[PDB]
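Here you get one chain, nothing else, as structure tokens; it is the form deposited in one PDB entry.
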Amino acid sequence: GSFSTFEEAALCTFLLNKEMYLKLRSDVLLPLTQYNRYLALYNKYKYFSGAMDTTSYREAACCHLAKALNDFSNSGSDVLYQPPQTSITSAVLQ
């Protein structure tokens, strides 16, 4: 599997396993300071949901992915990653 950018990965559904963990937690994909900022912000964005085409949704997605990567770093357990909750109705009303 592959992901052109960290932010793209955060917007997609995918199986987070060891291969994808090591690709996504790379400093050339996303520097450590920015990864840690997303991780620190997870609680603020934990239950955010809405249309996908907003700045806050993209930020929330990055925080969700950072948290999922942190979970994998501790557990080593494969998990299905999904981006923040959205809906077709959210998209049409945006």
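The first residue of the shown sequence is 1; numbering continues from there. Whichever C-alpha set is largest while still superposing within 1.5 Å between the two forms counts as the rigid core.
Taking the PDB entry as given, 24-32 carries the higher mean Cα B factor of the two stretches 24-32 and 57-65. Per-chain ranking of the deposited C-alpha B factor places residue 15 in the middle third.
Among the modelled residues of its chain, residue 89 has a C-alpha B-factor that falls in the middle third according to the deposited record.
Just so you know, the form deposited in another entry exists too; it's not on screen, but the next bit is about it.
Taking the rigid core as fixed, one finds a CA shift for residue 66 smaller than 2 Å between the shown form and the other one. Shown in the overlay between the shown form and the other one, fitted on the rigid core, is a CA shift at residue 43 smaller than 2 Å. Shown in the overlay between the shown form and the other one, fitted on the rigid core, is a CA shift at residue 54 of 2 Å or greater. A shift of at least 3 angstroms pushes the Cα atoms of residue 81 and residue 32 further from each other in the other form than in the displayed structure.
The pair residue 20 and residue 54 separates in the other form: their C-alpha atoms are at least 3 Å more distant from each other than in the form depicted.
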